[PDB]
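K.L.:
The structure that follows is given in the form of structure tokens.
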Amino acid sequence: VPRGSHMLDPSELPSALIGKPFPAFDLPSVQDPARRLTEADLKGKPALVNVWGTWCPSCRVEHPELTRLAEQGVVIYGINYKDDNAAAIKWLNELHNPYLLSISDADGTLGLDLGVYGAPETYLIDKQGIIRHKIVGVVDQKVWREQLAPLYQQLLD
């Protein structure tokens, strides 16, 4: 089955939101639909924002690395993207939860503003919630070391 050229829209490029504030949102937490989170909750420390879903085999694979980073003091926030809430809860309970906040993006409206088109994807934000880098696909030790860590270290200092 032949397939012609399909071009990602500009908002989906890693470079799209560099130097821009994290998009505004008002969304329920994963574990409690009565607890609301906004982009204000993302501010304070340089951090990773990781987009994931239980539908995503690559997120299963990426999980140990996120845990490894959190153990080293790295703040990581999770956006649970277009997922089954019950399944997401199980995932956060049965696996070693690396996330300081878990945002339920069930309709993908936050992902839409971010240019999300799959998972995992990871954003580096500074203390003010400004986006400084985006990784498309699994972050492993080499991706961390070469593509995030030097930026992250600069944001700490």
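Within each chain, counting starts at residue 1; across the structure tokens, chains are named A, B, ... in the order shown, with ligands numbered 1 upward in that order.
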Within 6 Å of residue 47 in chain A, counting only C-alpha atoms, which residues show up once you throw out same-chain ones fewer than 3 positions away? Write them as a count of residues only, please.

P.N.:
4

K.L.:
Skipping near chain neighbours, those fewer than 6 positions away, what residues fall within 12 Å of residue 45 in chain A using only C-alpha atoms, listed as an mmCIF file with N, CA, C and O atoms, in the first residue's frame?

P.N.:
```
data_model
loop_
_atom_site.group_PDB
_atom_site.id
_atom_site.type_symbol
_atom_site.label_atom_id
_atom_site.label_comp_id
_atom_site.auth_asym_id
_atom_site.auth_seq_id
_atom_site.Cartn_x
_atom_site.Cartn_y
_atom_site.Cartn_z
ATOM 1 N N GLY A 73 17.440 13.751 41.680
ATOM 2 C CA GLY A 73 16.919 15.069 41.973
ATOM 3 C C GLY A 73 16.206 15.761 40.824
ATOM 4 O O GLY A 73 15.807 16.912 40.958
ATOM 5 N N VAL A 74 16.053 15.081 39.688
ATOM 6 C CA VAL A 74 15.390 15.714 38.535
ATOM 7 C C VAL A 74 13.873 15.729 38.690
ATOM 8 O O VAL A 74 13.246 14.665 38.794
ATOM 9 N N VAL A 75 13.296 16.932 38.709
ATOM 10 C CA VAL A 75 11.856 17.124 38.796
ATOM 11 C C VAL A 75 11.235 16.741 37.455
ATOM 12 O O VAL A 75 11.665 17.238 36.413
ATOM 13 N N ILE A 76 10.256 15.848 37.484
ATOM 14 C CA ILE A 76 9.596 15.402 36.246
ATOM 15 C C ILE A 76 8.102 15.492 36.480
ATOM 16 O O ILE A 76 7.598 14.988 37.501
ATOM 17 N N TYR A 77 7.397 16.145 35.556
ATOM 18 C CA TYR A 77 5.942 16.218 35.594
ATOM 19 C C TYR A 77 5.412 15.381 34.451
ATOM 20 O O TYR A 77 6.022 15.374 33.384
ATOM 21 N N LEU A 100 6.237 14.139 39.876
ATOM 22 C CA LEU A 100 5.760 14.979 40.994
ATOM 23 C C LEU A 100 4.336 15.454 40.823
ATOM 24 O O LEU A 100 3.645 15.769 41.821
ATOM 25 N N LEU A 124 12.018 20.130 28.285
ATOM 26 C CA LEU A 124 12.786 20.752 29.358
ATOM 27 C C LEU A 124 12.266 22.184 29.565
ATOM 28 O O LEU A 124 12.193 22.983 28.611
ATOM 29 N N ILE A 125 11.851 22.470 30.800
ATOM 30 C CA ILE A 125 11.401 23.810 31.173
ATOM 31 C C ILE A 125 12.354 24.379 32.228
ATOM 32 O O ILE A 125 12.962 23.622 32.990
ATOM 33 N N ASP A 126 12.519 25.710 32.229
ATOM 34 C CA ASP A 126 13.266 26.399 33.291
ATOM 35 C C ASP A 126 12.319 26.750 34.464
ATOM 36 O O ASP A 126 11.131 26.439 34.419
ATOM 37 N N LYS A 127 12.861 27.393 35.505
ATOM 38 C CA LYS A 127 12.100 27.759 36.726
ATOM 39 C C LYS A 127 10.833 28.575 36.493
ATOM 40 O O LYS A 127 9.906 28.568 37.322
ATOM 41 N N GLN A 128 10.791 29.287 35.373
ATOM 42 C CA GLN A 128 9.644 30.115 35.020
ATOM 43 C C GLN A 128 8.613 29.421 34.134
ATOM 44 O O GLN A 128 7.612 30.025 33.731
ATOM 45 N N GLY A 129 8.844 28.149 33.836
ATOM 46 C CA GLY A 129 7.938 27.409 32.962
ATOM 47 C C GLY A 129 8.193 27.692 31.479
ATOM 48 O O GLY A 129 7.384 27.316 30.624
ATOM 49 N N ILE A 130 9.307 28.346 31.162
ATOM 50 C CA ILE A 130 9.637 28.568 29.744
ATOM 51 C C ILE A 130 10.229 27.291 29.145
ATOM 52 O O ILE A 130 11.119 26.687 29.730
ATOM 53 N N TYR A 152 20.083 21.344 31.153
ATOM 54 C CA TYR A 152 19.505 21.240 32.490
ATOM 55 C C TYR A 152 20.462 21.808 33.548
ATOM 56 O O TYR A 152 20.049 22.566 34.419
ATOM 57 N N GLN A 153 21.739 21.453 33.444
ATOM 58 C CA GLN A 153 22.760 21.956 34.360
ATOM 59 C C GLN A 153 22.890 23.485 34.332
ATOM 60 O O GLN A 153 23.077 24.119 35.381
ATOM 61 N N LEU A 155 20.457 25.545 33.575
ATOM 62 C CA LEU A 155 19.245 26.079 34.179
ATOM 63 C C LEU A 155 19.257 26.015 35.709
ATOM 64 O O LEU A 155 18.620 26.849 36.362
ATOM 65 N N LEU A 156 19.956 25.025 36.267
ATOM 66 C CA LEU A 156 20.128 24.900 37.720
ATOM 67 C C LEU A 156 20.987 26.042 38.275
ATOM 68 O O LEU A 156 20.651 26.647 39.305
ATOM 69 N N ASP A 157 22.079 26.330 37.567
ATOM 70 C CA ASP A 157 23.065 27.337 37.972
ATOM 71 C C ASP A 157 22.554 28.777 37.814
ATOM 72 O O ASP A 157 21.721 29.072 36.948
#
```

K.L.:
Fewer than 6 positions away in the same chain doesn't count, so skip those; otherwise give me all residues within 12 Å of range 3-12 of chain A, counting only C-alpha atoms, as a PyMOL selection string.

P.N.:
chain A and resi 18+111-118+121+134-136

K.L.:
Only N, CA, C and O atoms, please: the residues just picked out, written as a PDB file, in the first residue's frame.

P.N.:
```pdb
ATOM      1  N   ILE A  18      10.515  26.568  21.622  1.00  0.00           N
ATOM      2  CA  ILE A  18      11.739  26.975  22.325  1.00  0.00           C
ATOM      3  C   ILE A  18      11.665  28.473  22.661  1.00  0.00           C
ATOM      4  O   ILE A  18      11.330  29.292  21.799  1.00  0.00           O
ATOM      5  N   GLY A 111      -1.822  18.603  24.806  1.00  0.00           N
ATOM      6  CA  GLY A 111      -0.958  18.035  23.739  1.00  0.00           C
ATOM      7  C   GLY A 111      -1.078  18.835  22.439  1.00  0.00           C
ATOM      8  O   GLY A 111      -0.085  19.088  21.764  1.00  0.00           O
ATOM      9  N   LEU A 112      -2.291  19.227  22.084  1.00  0.00           N
ATOM     10  CA  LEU A 112      -2.509  20.027  20.865  1.00  0.00           C
ATOM     11  C   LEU A 112      -1.700  21.309  20.867  1.00  0.00           C
ATOM     12  O   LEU A 112      -1.049  21.646  19.859  1.00  0.00           O
ATOM     13  N   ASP A 113      -1.703  22.026  21.990  1.00  0.00           N
ATOM     14  CA  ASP A 113      -0.924  23.248  22.103  1.00  0.00           C
ATOM     15  C   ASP A 113       0.574  22.970  22.078  1.00  0.00           C
ATOM     16  O   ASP A 113       1.359  23.814  21.632  1.00  0.00           O
ATOM     17  N   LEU A 114       0.960  21.796  22.577  1.00  0.00           N
ATOM     18  CA  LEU A 114       2.372  21.409  22.644  1.00  0.00           C
ATOM     19  C   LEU A 114       2.926  20.847  21.341  1.00  0.00           C
ATOM     20  O   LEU A 114       4.140  20.692  21.216  1.00  0.00           O
ATOM     21  N   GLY A 115       2.058  20.515  20.395  1.00  0.00           N
ATOM     22  CA  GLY A 115       2.474  19.830  19.161  1.00  0.00           C
ATOM     23  C   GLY A 115       2.772  18.352  19.387  1.00  0.00           C
ATOM     24  O   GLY A 115       3.644  17.769  18.733  1.00  0.00           O
ATOM     25  N   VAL A 116       2.056  17.735  20.323  1.00  0.00           N
ATOM     26  CA  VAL A 116       2.266  16.316  20.609  1.00  0.00           C
ATOM     27  C   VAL A 116       1.625  15.526  19.492  1.00  0.00           C
ATOM     28  O   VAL A 116       0.503  15.831  19.059  1.00  0.00           O
ATOM     29  N   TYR A 117       2.324  14.496  19.007  1.00  0.00           N
ATOM     30  CA  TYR A 117       1.730  13.602  18.011  1.00  0.00           C
ATOM     31  C   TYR A 117       2.027  12.141  18.287  1.00  0.00           C
ATOM     32  O   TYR A 117       1.821  11.263  17.432  1.00  0.00           O
ATOM     33  N   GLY A 118       2.475  11.873  19.507  1.00  0.00           N
ATOM     34  CA  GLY A 118       2.741  10.495  19.897  1.00  0.00           C
ATOM     35  C   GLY A 118       3.446  10.518  21.233  1.00  0.00           C
ATOM     36  O   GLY A 118       3.484  11.539  21.918  1.00  0.00           O
ATOM     37  N   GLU A 121       7.187  12.003  24.587  1.00  0.00           N
ATOM     38  CA  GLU A 121       7.857  13.240  24.219  1.00  0.00           C
ATOM     39  C   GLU A 121       8.209  13.936  25.533  1.00  0.00           C
ATOM     40  O   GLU A 121       7.438  13.849  26.520  1.00  0.00           O
ATOM     41  N   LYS A 134      12.932  20.271  23.449  1.00  0.00           N
ATOM     42  CA  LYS A 134      11.979  19.155  23.313  1.00  0.00           C
ATOM     43  C   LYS A 134      12.648  17.941  22.673  1.00  0.00           C
ATOM     44  O   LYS A 134      13.379  18.062  21.666  1.00  0.00           O
ATOM     45  N   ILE A 135      12.390  16.775  23.262  1.00  0.00           N
ATOM     46  CA  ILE A 135      12.840  15.484  22.740  1.00  0.00           C
ATOM     47  C   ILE A 135      11.625  14.735  22.257  1.00  0.00           C
ATOM     48  O   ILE A 135      10.612  14.645  22.968  1.00  0.00           O
ATOM     49  N   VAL A 136      11.713  14.224  21.028  1.00  0.00           N
ATOM     50  CA  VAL A 136      10.670  13.367  20.486  1.00  0.00           C
ATOM     51  C   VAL A 136      11.193  11.933  20.565  1.00  0.00           C
ATOM     52  O   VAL A 136      12.293  11.631  20.063  1.00  0.00           O
TER      53      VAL A 136
END
```

K.L.:
Fewer than 6 positions away in the same chain doesn't count, so skip those; otherwise give me all residues within 12 Å of residue 83 in chain A, counting only C-alpha atoms, as JSON, numbers by chain.

P.N.:
{"A": [30, 51, 52, 53, 54, 55, 56, 89, 91, 103, 104, 105, 106, 107, 108, 118, 119]}

K.L.:
Write down as an MDAnalysis selection string the residues of chain A whose backbone DSSP state falls under strand (DSSP E or B).

P.N.:
chainID A and resid 21 26:29 36:38 47:52 75:81 101:105 121:125 130:136

K.L.:
Write the residues you've just listed into a file as a compact mmCIF listing (two decimals), in the first residue's frame, and include C-alpha atoms for each of them.

P.N.:
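So selection.txt came out as:
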```txt
# COMPACT_ATOMS: atom_id res chain seq x y z
CA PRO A 21 5.97 29.89 28.00
CA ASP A 26 -6.66 23.75 33.50
CA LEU A 27 -6.91 19.99 33.79
CA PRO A 28 -7.74 17.33 36.40
CA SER A 29 -4.99 15.32 38.09
CA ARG A 36 -7.23 20.67 39.23
CA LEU A 37 -3.76 21.53 37.93
CA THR A 38 -2.66 24.51 35.79
CA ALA A 47 12.07 20.25 35.15
CA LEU A 48 11.15 17.68 32.54
CA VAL A 49 7.58 17.43 31.28
CA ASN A 50 7.00 13.89 29.94
CA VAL A 51 3.99 12.99 27.76
CA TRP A 52 2.96 9.35 28.18
CA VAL A 75 11.86 17.12 38.80
CA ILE A 76 9.60 15.40 36.25
CA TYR A 77 5.94 16.22 35.59
CA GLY A 78 3.75 13.83 33.61
CA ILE A 79 1.10 14.56 31.02
CA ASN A 80 -1.10 11.48 30.65
CA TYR A 81 -2.17 11.93 27.03
CA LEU A 101 2.51 15.83 39.23
CA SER A 102 0.36 13.76 36.89
CA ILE A 103 -1.88 15.81 34.58
CA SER A 104 -4.82 14.09 32.88
CA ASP A 105 -4.97 15.30 29.26
CA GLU A 121 7.86 13.24 24.22
CA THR A 122 9.82 15.25 26.80
CA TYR A 123 10.12 18.99 27.35
CA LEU A 124 12.79 20.75 29.36
CA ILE A 125 11.40 23.81 31.17
CA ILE A 130 9.64 28.57 29.74
CA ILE A 131 10.23 25.72 27.28
CA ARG A 132 13.94 25.30 26.53
CA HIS A 133 14.18 21.97 24.66
CA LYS A 134 11.98 19.15 23.31
CA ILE A 135 12.84 15.48 22.74
CA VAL A 136 10.67 13.37 20.49
```

K.L.:
So how many Å separate CA of residue 57 in chain A and CA of residue 85 in chain A, to one decimal?

P.N.:
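Separating CA of residue 57 in chain A from CA of residue 85 in chain A is a distance of 16.8 Å.
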
K.L.:
In Å, how far is it from CA of residue 144 in chain A to CA of residue 82 in chain A?

P.N.:
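A separation of 25.6 Å between them.
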
K.L.:
As JSON, numbers by chain, please: every residue in range 19-62 of chain A that a backbone DSSP assignment puts in helix (DSSP H, G or I).

P.N.:
{"A": [39, 40, 41, 42, 57, 58, 59, 60, 61, 62]}

K.L.:
Take the residues from that selection and put them in a file with C-alpha atoms, as a PDB file, in the first residue's frame.

P.N.:
```
ATOM      1  CA  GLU A  39       0.584  25.711  34.168  1.00  0.00           C
ATOM      2  CA  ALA A  40       1.233  27.636  37.424  1.00  0.00           C
ATOM      3  CA  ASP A  41       1.897  24.291  39.151  1.00  0.00           C
ATOM      4  CA  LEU A  42       4.798  23.665  36.763  1.00  0.00           C
ATOM      5  CA  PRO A  57       4.879   0.495  24.474  1.00  0.00           C
ATOM      6  CA  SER A  58       7.765   3.021  24.243  1.00  0.00           C
ATOM      7  CA  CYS A  59       6.630   4.580  27.533  1.00  0.00           C
ATOM      8  CA  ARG A  60       6.871   1.181  29.237  1.00  0.00           C
ATOM      9  CA  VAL A  61      10.488   0.997  27.998  1.00  0.00           C
ATOM     10  CA  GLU A  62      11.281   4.588  29.037  1.00  0.00           C
TER      11      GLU A  62
END
```

K.L.:
Kindly indicate which residue among A:140, A:84, A:32, A:94 lies nearest to residue 69 in chain A, using only C-alpha atoms for the distances.

P.N.:
A:140

K.L.:
Measure the distance from CA of residue 92 in chain A to CA of residue 151 in chain A in Å and round it to one decimal.

P.N.:
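Computing the Euclidean distance for CA of residue 92 in chain A and CA of residue 151 in chain A yields 28.0 Å.
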